[PDB]
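A single chain comes next, written as structure tokens; it is the form deposited in one PDB entry.
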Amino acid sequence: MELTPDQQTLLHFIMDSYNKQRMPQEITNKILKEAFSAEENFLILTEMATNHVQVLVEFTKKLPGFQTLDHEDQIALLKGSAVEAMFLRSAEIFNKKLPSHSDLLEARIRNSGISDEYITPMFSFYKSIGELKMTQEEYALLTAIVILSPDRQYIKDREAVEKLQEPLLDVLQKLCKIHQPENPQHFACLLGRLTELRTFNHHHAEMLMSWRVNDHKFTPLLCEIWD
């Protein structure tokens, strides 16, 4: 069992672009130096979210075929995947223990003024992802599959997005057969993680709406990206 040269090329373009994301030093130093309070902790979370959106757009632009889609469909895909992609990257950071600093960052997220209604399913999902011992190829492919979802709202030409997502699902299933021949349900488990990611959309949107204009968490820039 091997990937075809066409599949190897598609995977290499995805892997190269995914490897470009790096946690900036100034954000890392903030986790180490800032006062441990709800206000300071949330401000660090906000900075991490704005850095991730920029990273996500750069990654998405290098996805084979993304730039060939209708300009408004590109926006619709970025808008619709922003939250899911952030939780998937957060799962990767948790299970790779980044900035390495990880226990301090976890302590800040748990004391940022965010309710346990949203924090508890968050860490439960990271633990669930951790159990699958996902390779970097799996994180990158899953991120590309989340972004290139043809059933997002406001997409005009859905079959165009389908033509881009289907070869990625083909590569991912092939990598499961190559690297886990003893576990035939590994691909099904990864799909299981995709549906769990989709639940963070409602949960995250509900969390966002709840923040009052006078609350320290109220952030107009966060609202614009996430909705």
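Rigid core here is just the name for the largest C-alpha set that superposes within 1.5 Å across the two forms. Start at 1 and count along the sequence shown; that's the residue number.
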>> Residues without coordinates, deposited sequence, stretch from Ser100 to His101: is the count none, 1 to 3, 4 to 9, or 10 or more?
In response: 1 to 3
>> Using only C-alpha atoms and the B-factors in the entry, which stretch averages higher, 137-145 or 106-114?
In response: 106-114
>> On mean Cα temperature factor in this entry, is 23-31 or 62-70 the higher one?
In response: 23-31
> Among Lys174, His186, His202, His52, which residue carries the highest C-alpha B-factor recorded in the PDB entry?
Replying inline: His202
> Comparing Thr9 with the other modelled residues of its chain, is its CA B-factor in the lowest, middle or highest third?
Replying inline: lowest
>> Taking only the Cα B-factors deposited for this chain, tell me whether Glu40 sits in the lowest, middle or highest third.
In response: lowest
> According to the PDB entry, is the CA B factor of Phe218 in the bottom, middle or top third of its chain, that is, lowest, middle or highest?
Replying inline: middle
> Going by the entry, which third of its chain does the Cα temperature factor of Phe87 land in?
Replying inline: lowest
> Can you tell me which third, lowest, middle or highest, the CA B-factor of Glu47 falls into for its chain?
Replying inline: lowest
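Beyond what is shown, the protein has a form deposited in another entry; the following relates to that form.
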> With the two forms superposed on the core, which of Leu169, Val57, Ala160, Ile27 shows a CA shift of 2 angstroms or more between the shown form and the other one?
Replying inline: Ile27
> Any CA movement of 2 Å or more for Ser112 between the shown form and the other one, core superposed?
Replying inline: yes
>> Given a superposition on the rigid core, I'd like a yes or no on whether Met207 shifts its C-alpha by 2 Å or more between the shown form and the other one.
In response: yes
> Does the distance between the two CA positions of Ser17 reach 2 Å or more between the shown form and the other one, the core being superposed?
Replying inline: no
>> Relative to what's shown here, the Cα pair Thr219 and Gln54 differs by 3 Å or more in that other deposited form. Does it come closer or drift farther?
In response: closer
>> Closer or farther: the C-alpha atoms of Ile14 and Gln25 in that other deposited form, versus the form shown, with a change of 3 angstroms or more?
In response: closer
